[PDB]
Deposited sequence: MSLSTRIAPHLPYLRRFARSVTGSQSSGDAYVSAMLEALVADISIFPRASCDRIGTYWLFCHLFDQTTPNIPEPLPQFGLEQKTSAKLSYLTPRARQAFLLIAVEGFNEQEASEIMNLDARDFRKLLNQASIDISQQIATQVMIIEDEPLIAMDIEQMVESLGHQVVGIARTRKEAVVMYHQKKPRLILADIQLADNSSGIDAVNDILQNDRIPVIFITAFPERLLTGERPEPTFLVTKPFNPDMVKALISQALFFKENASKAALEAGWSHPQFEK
């Protein structure tokens, strides 16, 4: 039956509905209403590419007619949000997602572009870089600005970093652990972090002396804090999935 055809898609549809509306109760109310609409008139179910597409098509057609994630996605227009989620979470290709939203290919990509810009715009912020090597600092500056972030300054020493922190109030720090010939970079971060809890990424250049040609190679080294439990789980994960 149509019912046995739709039922295996409902776990996926419910996730979609929850992610679009921001809660399971809103999500499920829409999925409910969709099933009530089919009980009332089974003819509204489309002849689409396949049942999955048909089910999501109907959901989107009727729609238009945790706290953190919802707060951010709720800033997108309902349609940009749908487009982004169909790709990002629901696992559709572009041709499928566009069929679902009743858009031609160009218009669907325009919606995706809108979602992408809107997300970047929402998280654009003020960034301080702690780095004494100028070429490395400029490389990070370029990367950060390409995302819409404002680099408020580049601090070269622990003292410059703390002064700059207070004059500029960045909301994100990219910091080299090593400055000059010591680990004063992490000290600068520690000083700052008593003032405020702000996200920090520890980063430096991958050393050129180890780079060759003829393979994709890395450009940076990013360092994260771990506790012992995390180290042991990481070791186990690395061996378990070893290439």
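Undergrad: Comparing the deposited sequence with the modelled residues, which stretches have no C-alpha coordinates?
TA: According to the record, the gaps fall at 1, 67 to 80, 259 to 276.
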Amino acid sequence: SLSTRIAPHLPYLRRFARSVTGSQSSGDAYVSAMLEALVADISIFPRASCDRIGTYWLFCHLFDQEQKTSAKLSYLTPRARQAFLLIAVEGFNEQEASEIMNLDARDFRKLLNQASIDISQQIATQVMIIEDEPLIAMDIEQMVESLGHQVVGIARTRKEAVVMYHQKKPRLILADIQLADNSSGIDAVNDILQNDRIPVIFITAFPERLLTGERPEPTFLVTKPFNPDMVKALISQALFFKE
From here on, numbers count along this sequence of modelled residues.
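Undergrad: Mean C-alpha B-factor higher for 143 to 151, or for 73 to 81?
TA: Between 143 to 151 and 73 to 81, it is 73 to 81.
Undergrad: Mean CA B-factor: is it higher for 165 to 173 or for 101 to 109?
TA: Stretch with the greater average CA B-factor: 165 to 173.
Undergrad: In the PDB entry, which of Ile201, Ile44, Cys60, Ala205 has its C-alpha at the highest B-factor?
TA: Max CA B-factor in the entry, restricted to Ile201, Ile44, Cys60, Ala205: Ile44.
Undergrad: Would you check the entry's CA temperature factor for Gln122 and let me know if it's in the chain's lowest, middle or highest third?
TA: Its C-alpha B-factor belongs to the middle third of this chain's values.
Undergrad: If you rank the chain by CA B-factor, which third does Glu160 end up in: lowest, middle or highest?
TA: Highest third, going by the recorded CA B-factors of the chain.
Undergrad: Is the Cα B-factor recorded for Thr219 in the lowest, middle or highest third of its chain?
TA: Middle third, going by the recorded CA B-factors of the chain.
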